[PDB]
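Colleague: Provided hereafter are the protein sequence and its experimental coordinates.
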Amino acid sequence: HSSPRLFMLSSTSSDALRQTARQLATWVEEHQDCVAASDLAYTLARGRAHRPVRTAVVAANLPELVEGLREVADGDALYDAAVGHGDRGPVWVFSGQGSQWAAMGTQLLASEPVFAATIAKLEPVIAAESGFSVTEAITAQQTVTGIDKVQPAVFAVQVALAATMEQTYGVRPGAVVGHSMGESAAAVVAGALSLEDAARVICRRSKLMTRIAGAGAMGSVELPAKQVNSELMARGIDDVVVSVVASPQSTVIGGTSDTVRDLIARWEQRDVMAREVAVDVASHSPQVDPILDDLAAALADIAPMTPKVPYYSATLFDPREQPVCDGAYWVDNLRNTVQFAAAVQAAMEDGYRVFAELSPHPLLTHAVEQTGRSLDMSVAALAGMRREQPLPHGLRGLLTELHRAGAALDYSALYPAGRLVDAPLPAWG
């Protein structure tokens, strides 16, 4: 009962929110001996219609809440209004490799029982498939290395984050969007693959990719993909292609090592924001051709299902098309350009405004924002975790940011029961 609780507070402007904070602090101060903290937290979350400008105060006791509310009331912070209207769940974004960091899973294994249970289900599957302990990998003092260890470890964190958000925090996704290997976690969360089959796909794909380690290079360029393609055909380049289209202004190329380096040198000279990306394999390019038949054979028994959640494919040429996640789909996922911008754009055109990247560290939040900006939309692009971010209260901070942004969620998961208290009701203005 004396554990820290989350108290929701909302209004129509930052000044009105502060006025609300001051009246609530005055009320809590006067009735602290009559009100249980749990009943008040329940009333604020489930007995109030949440208004556009939201905040939350974490407190272990009522006097701690009065200090926190008065701190809000005495501040000058500009509280941004929610971009979602509580009608659609968040869009989970599952990014690719590069987000991994040393002991990335340690705090969540200790603070989130559903993260631990998910990692436990994956442990024997990844051990039989790839020959290593995913728990040792995500808790080691050194960052996971080697494509065959990185992909299963990152996928495990991604799916354990989604299961926690749904089972513990009542956050059902409105849609999912994956970027390259992120599509394995996207398929599990959408119901297109079972957890086990998705782990088989990520384990087998990354084991086969070790055979082509050292093959080619990749590069990021702050130029649109249509323009980049014109440059490759005009320059007589046939060994380098557009591998990723992440935003309307951002492109990743992939192909031979020397031509990719040559192109980056050239773009940097013309004052364009170019950079070689360290990858063991140049995916989404002809560098992956030798292993595609073996991948199709390894995934022959993968059993796809009809997605239960809108799944915006970055593999398909129409992102609104619902994938048939068989071995053929995963071969295309490895070889085809990652059409991430078009998938994000389709979800935004369909009305999704809240995006949350369920990954060890954010790789695509800036890309999501750029797509929003090109559509003249107000969107929220959240990071589920950041590198070395302390998580003593697990994923409760992500839940708070999802609530502040306006994503639809089940408030009965975090506030399962209590009595409605006669706390103040600000006017509708």
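Modeller: Arrived safely. Numbering: from 1, shown residues only.

Colleague: Which element, helix or strand, includes residue 126?
Modeller: helix 113-130 (DSSP states H and E).

Colleague: what's the offset of that helix from the middle of its chain?
Modeller: Put simply, helix 113-130 sits 20 Å off its chain's centre (C-alpha atoms, centre = their mean, to the nearest Å).

Colleague: so what's residue 323 up against?
Modeller: 187, 192, 304, 307, 311, 313, 315-316, 329 (C-beta atoms under 8 Å, 6 or more residues apart in numbering). Quick note: C-beta positions are derived from backbone N, CA and C, even for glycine.

Colleague: Out of those, which sit inside helices?
Modeller: 187, 329 (DSSP state H).

Colleague: that older thread, next secondary structure after the helix holding residue 126?
Modeller: Defined by DSSP H and E, the subsequent element after helix 113-130 is helix 134-139.

Colleague: I'd like to know which elements that next one is packed against.
Modeller: If contacts are counted by 3 or more C-beta pairs under 8 Å, 6 or more residues apart in numbering; DSSP states H and E, helix 134-139 sits against helix 106-111, helix 113-130, helix 147-167.

Colleague: any chance of these in a markdown table, with distance to residue 240 and mean neighbour count too?
Modeller: Shown next, in a markdown table, are the helices and strands packed on helix 134-139 (distance: least, C-beta to C-beta, whole Å; neighbours: other C-beta atoms under 10 Å):
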| stretch | distance to residue 240 | mean neighbour count |
| --- | --- | --- |
| helix 106-111 | 39 | 18 |
| helix 113-130 | 31 | 18 |
| helix 147-167 | 21 | 25 |
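
Colleague: Export the ones you listed as a markdown table, with columns for distance to residue 225.
Modeller: A markdown table is the format used below for those (distance: least, C-beta to C-beta, whole Å):
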| stretch | distance to residue 225 |
| --- | --- |
| helix 106-111 | 35 |
| helix 113-130 | 33 |
| helix 147-167 | 25 |
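
Colleague: Break down the stretch 1-150 of the chain into its strands, ranges please.
Modeller: Applying DSSP state E, counting those that start in this stretch to the stretch 1-150 of the chain gives strands spanning 5-11, 53-59, 91-94.

Colleague: again, but for the stretch 251-400 of the chain
Modeller: Counting by DSSP E, counting those that start in this stretch, the strands of the stretch 251-400 of the chain are 275-277, 311-312, 354-357, 380-383.

Colleague: Would you mind listing the buried residues in stretch 268-281?
Modeller: By neighbour count on 16 or more other C-beta atoms under 10 Å, the buried set for stretch 268-281 is 274, 276-277, 279-281.

Colleague: try stretch 321-338
Modeller: 322-323, 325-327, 329-331, 333-338.

Colleague: Is it correct that residue 305 is in contact with residue 191?
Modeller: Yes - between residue 305 and residue 191 there is a contact under C-beta atoms under 8 Å: 6.0 Å.

Colleague: Now for these two: what residues contact both?
Modeller: In contact with both residue 305 and residue 191: no residue, using C-beta under 8 Å, 6+ apart.

Colleague: Show me the residue sitting in the middle of the chain in space.
Modeller: Nearest to the geometric centre of the chain sits residue 357, at 1.4 Å (C-alpha atoms, centre = their mean).
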